Amino acid sequence: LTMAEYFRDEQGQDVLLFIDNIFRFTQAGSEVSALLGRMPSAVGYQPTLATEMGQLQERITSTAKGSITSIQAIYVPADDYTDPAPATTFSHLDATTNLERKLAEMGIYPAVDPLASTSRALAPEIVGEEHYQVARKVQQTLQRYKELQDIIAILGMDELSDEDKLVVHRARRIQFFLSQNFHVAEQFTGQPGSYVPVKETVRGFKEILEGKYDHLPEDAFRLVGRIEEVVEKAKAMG
Amino acid sequence: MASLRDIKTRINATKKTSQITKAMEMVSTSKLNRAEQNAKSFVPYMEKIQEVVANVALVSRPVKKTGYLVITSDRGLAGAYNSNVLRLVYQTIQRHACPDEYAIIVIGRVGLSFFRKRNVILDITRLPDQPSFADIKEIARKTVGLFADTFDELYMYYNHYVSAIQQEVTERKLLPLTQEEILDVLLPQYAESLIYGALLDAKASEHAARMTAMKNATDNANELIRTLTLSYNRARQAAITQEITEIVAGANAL
Amino acid sequence: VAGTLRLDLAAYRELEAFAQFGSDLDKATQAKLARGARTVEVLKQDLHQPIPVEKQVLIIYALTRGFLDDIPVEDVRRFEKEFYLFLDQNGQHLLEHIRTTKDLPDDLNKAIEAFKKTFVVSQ
Amino acid sequence: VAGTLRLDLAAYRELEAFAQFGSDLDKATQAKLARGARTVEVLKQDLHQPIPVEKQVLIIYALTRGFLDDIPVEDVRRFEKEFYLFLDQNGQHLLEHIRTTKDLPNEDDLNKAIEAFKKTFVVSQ
Amino acid sequence: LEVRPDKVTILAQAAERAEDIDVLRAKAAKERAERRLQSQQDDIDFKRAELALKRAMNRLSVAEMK
């Protein structure tokens, strides 16, 4: 953190602070607390837990000069989201990137779950209607395609209600266009990778949500950049 | 408040319940896609009856409206599949006339169950074969259903089938308005035909209604987990907190 | 031959909670179980009897390719038992390539070479 | 008598994940059920009403041999009150043998067995 | 009998490619009869199922909730 703060205040940058498993920290916290002879607290947690966490986070922010963004891998205690350890952490969270092995097995990387991974920044007040609209919509069209998984094994892909088949069609391309080209990936792939601004990412989705692409194959929007790249991915040549 | 090992007993109980539930859903989903097999296999015979029953230009309203035929299952956990039909029946009987009159034939215990205590019973049917309804022993009911004519003009009560599990209860009617002149042979073979089709669509519903009622339970049971998982964690916490507080407070005492 | 092993066993774990209710045994869900209940047999091993990788990859091959599937579970264990000897005599050449290369690019020979056995085995 | 009282009660506690099926086809097991559902009524006692051993082993006898089955489960409690007074009067000999020896046949077999025919046959609906 | 100039349809309540003798279609109407009653399994699984469903509910899968 300290090494990070430097580049924030001295060079006024926006630096990334990764902490792989911030639970180890709090766990070490109660772990040390014992040795010093501290009377245990809820679930044998150092009574000073909130405090020790509060001091770790608050030192992570955007100053008038720089900023520090932290990505902490929160590995929640036994699948219990009420445990004072995570429960504490969550109060310091402005966002979540939920990775799932499913979307990986399908060939969507990043594996970021589109309906689970949340964020506080998603709000008209913040990102305006444009972003919030499309974005909240692109989620809706997913939680539609997700539930129809049961009815699709029932009434099949036929006459399942056409206001739905449009969803099922559009939705597939959408969850496919969430996969991106990672520069870091160029090592073993060869595709140089992508960087799409929110601006670009808003259009590509709004347009797809207008169906302006429904006439294009799935394996188009799967691992690309700007919507325009999907389009060029339509030249099968000869 | 409450236990922990009493919260485990509940989880595991619920779990083994969801298991048994979802089992049967899949099982009753396996009995929908065999309903066609005996639904299809009956498609031709029906076609080549109305094609015969094309009706020459050369038994209309006789006297009354009397007996019913009420289709069901013997097994339960079908949702309202039973009660529903056993409602219209019980309505348009007592919506009808109120003597001991207006008589009855039932397919499946569950029907005979209610019909029994209420009074006006005529026949019985038990043990229909499930997805494969044996066209045979329903043939004995066409006989009883017709020869009964002791009778006039019967109606049939059951549930129809539209697209997997969605369905609705019906009264299509039958014994009225749609060598040479052999009606003695079409009258019979046109009832045997209808009472049969009624079943296939009845059963198709049954399995479906059950396929679902066994989902609703599974789904619901699954939520009983969440409601308990939560109360288990909480009781998992207060417990590990009390144990520790006990172990320290017993040390400071030394 | 290990990549698929997890699969077949995976589904079977999420599936075979249902047999007694499977009195109506349905779908192809019967097929997943099929070699599934069979893999379990192959995963069952003796005690004090280790197995060399060479002739191990072959049996973890057999069932995962269907060269096992035509054989009921009753006979799965007492199959892999002589399918070893059958190799220690007649595939002793085949299992070698398996040693010195730790690879099977094999796929063709074994595919037929596996039949050399089932086509002589008892039942 | 108290011996089989356990068995009868046992099954009932254990057949009772069954009784739904009812008759559908449950066979000889609605039979073991019958007196089962009866016996519980027998084990039912009212507050501040101690029952002496003598006559006590008589009602715990009647049901354990069928002498209580020809009567409905919801008429058992009454049957106790009843068969007992009529023991206190009708017959009297077996109401304290069970006391004197405090053991064994309480009337060889035939006596009890038929003396149980006495009040049954004289009871109400 | 549906007799059409190009086709002949034979409607039959019961029809089995059978020999000269009829007292076979009865034979098939036989070996199929009870061998359809023998389908108690239909009934009995559901029993065992209605059974399990009331044994996981026995522990009163909720004791005063909790």
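Residues numbered from 1 in each chain as written, not as in the entry; some residues may be left out. Chains lettered and ligands numbered in written order. Part of a larger assembly, values for the part shown. Heavy atoms only, no water. Residues with missing side-chain atoms left out of burial classes, pairs and counts.

By the method listed in its record, X-ray crystallography, this PDB entry was determined to a resolution of 3.900 Å.

A tally of regular secondary structure across chain D gives 6 helices and 0 strands. Along chain D, helices (α) and strands (β) appear in the sequence α-α-α-α-α-α when read from the amino end. Scaling as 2.2 N^0.38, a compact globule of 125 residues should have a C-alpha radius of gyration of about 14 Å, and chain D matches this with 15 Å. Seen through its principal axes, chain D has C-alpha atoms that stretch 45 × 35 × 30 Å. Within chain D, counting contacts between residues at least 6 apart in sequence, those at least 24 apart form 68% of the total. (Helix = DSSP H or I, 4+ residues; strand = E, 2+ residues; numbered from the N terminus. Rg over C-alpha atoms; globule rule 2.2 N^0.38 Å. Contact = heavy atoms within 4.5 Å.)

On to the overall build of chain B. Broken down by element type, chain B carries 7 helices and 4 strands. Listed N to C, the secondary structure of chain B is α-α-α-β-α-β-α-α-β-β-α in terms of helices and strands. A compact globule built from 254 residues would reach a C-alpha radius of gyration of about 18 Å, whereas chain B, at 27 Å, exceeds it by more than 25%. Dimensions of chain B, computed from C-alpha atoms along their principal axes, come out at roughly 110 × 40 × 25 Å.

The interface is formed by 6 residues belonging to chain D together with 5 residues belonging to chain E. Tallied by class, residues from the side of chain D that touches chain E come to 4 nonpolar, 1 polar and 1 charged. (Nonpolar A, V, L, I, M, F, W, Y, C, P; charged D, E, K, R; others polar.)

So, on to the pattern of salt bridges. One salt bridge connects A:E218 with A:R172, and the closest N-O pair in it is separated by 2.7 Å. One end of the pair, A:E218, is in the loop between α9 (198-210) and α10 (227-232); the other, A:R172, is in helix α8 (residues 162-177), with 46 residues separating them in the sequence. Put simply, B:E206 and B:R210 hold a salt bridge, and the shortest N to O gap is 2.9 Å. Taken as a pair, B:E206 and B:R210 lie in helix α7 (residues 186-249) at a separation of 4 residues, close to a single helical turn. Through salt bridges that share partners, A:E5, A:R8, A:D9 and A:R59 make up one connected network. (Salt bridge = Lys/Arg side-chain N within 4 Å of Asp/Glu carboxyl O.)

Moving on: the interface of chain E and chain B. The partner chain B presents 31 residues to the 21 residues of chain E that form the contact. Counted by class, the side of chain E that touches chain B contains 13 nonpolar, 2 polar and 6 charged residues.

Residue and element names in this part refer to chain B. With mixed pairing, the 4 strands of this open sheet are ordered in space as β2-β1-β3-β4. With one partner strand each, in any of the chains shown, β2 (104-107) and β4 (169-173) form the two edges of the open sheet. On average, each strand axis in the sheet is tilted by 20° relative to the strand beside it, whichever way the strands run. (Pairing = 2+ DSSP bridges. Axes fitted to C-alpha atoms, helices over the stretch in contact; angles between N-to-C directions.)

Turning our eyes to something else, we now look at the domain arrangement of chain B. All names here are of chain B. Domain assignment breaks chain B into domain 1 (2-58 + 179-254) and domain 2 (59-178). A separation of 24 Å is found between the C-alpha centroids of domain 1 and domain 2. Contact residues are listed per partner, giving 27 residues for domain 1 and 30 residues for domain 2. At 23 residues, α7 tops the list of elements feeding residues into the side of domain 1 that touches domain 2. Here the side of domain 1 that touches domain 2 is composed, by residue class, of 16 nonpolar, 4 polar and 7 charged. (Domains from an automatic or database assignment.)

Next up on the list: the side chain of B:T21. Inspection of the secondary structure assignment puts B:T21 in helix α1 (residues 5-29). Setting aside chain neighbours within four positions, we find B:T21 in contact with B:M214, B:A217, B:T218 and E:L53.

Working note: non-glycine residues mostly have negative phi, and peptide bonds are mostly trans. Of note, the bond from A:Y109 into A:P110 is cis; its omega dihedral lies within 30 degrees of zero at 0°. Within the secondary structure, A:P110 sits in the loop between α5 (101-105) and α6 (124-145). A positive phi is found at A:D79, a non-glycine position, where the angle reads about 25°. When you line up the elements, A:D79 lands in the loop between β2 (67-72) and α4 (84-91). Positive phi, normally seen in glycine, also occurs at D:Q92, with a value near 55°. Along the polypeptide, D:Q92 turns up in the loop between α4 (77-88) and α5 (93-100).

This part covers the packing of aromatic side chains. Remark: the centre distance and the inter-plane angle together describe each pair of aromatic rings, the angle taken between the planes. The interplanar angle of 45° and the centroid separation of 5.3 Å between the aromatic rings of A:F177 and A:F205 together place this pair among those described as tilted. Placement of the pair is A:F177 in helix α8 and A:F205 in helix α9, with a sequence separation of 28 residues. Taking the centre distance of 5.9 Å and the plane angle of 40° together, the rings of B:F42 and B:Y45 count as tilted. Each member of the aromatic cluster is reached from another via a ring pair, and the members are A:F177, A:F205 and A:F221. (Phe/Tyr/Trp six-rings, centres within 6.5 Å; stacked < 30°, edge-to-face > 60°.)

A few words on the packing of α6(A) against α9(A). All names here are of chain A. At their nearest, the axes of α6 and α9 sit 10 Å apart, and the two run at 50° to each other. Compared by their axis directions, α6 and α9 come out oblique. Pair α6 / α9 crosses with left-handed handedness. Mapping the contact onto sequence places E130, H131, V134, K137, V138 and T141 in α6 and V198, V202, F205, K206 and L209 in α9. Split into classes, the residues belonging to the contact of α6 with α9 amount to 6 nonpolar, 2 polar and 3 charged. (Parallel < 35°, antiparallel > 145°, perpendicular 65-115°, else oblique. Left-handed = near helix turned anticlockwise from the far one by under 90°.)

Below, the discussion takes up the environment of C:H97. Residue and element names in this part refer to chain C. When you line up the elements, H97 lands in helix α5 (residues 94-101). For the pair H97 and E54, spaced 43 residues apart in the sequence, the C-alpha separation amounts to 8.7 Å. Once you skip the residues sitting within four places of it in the chain, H97 turns out to touch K102, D103 and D106. Side chain to side chain, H97 and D106 meet in a polar contact 3.4 Å long. (Polar contact = N/O pair within 3.5 Å; in protein donor to acceptor, adjacent residues only side chain to side chain.)

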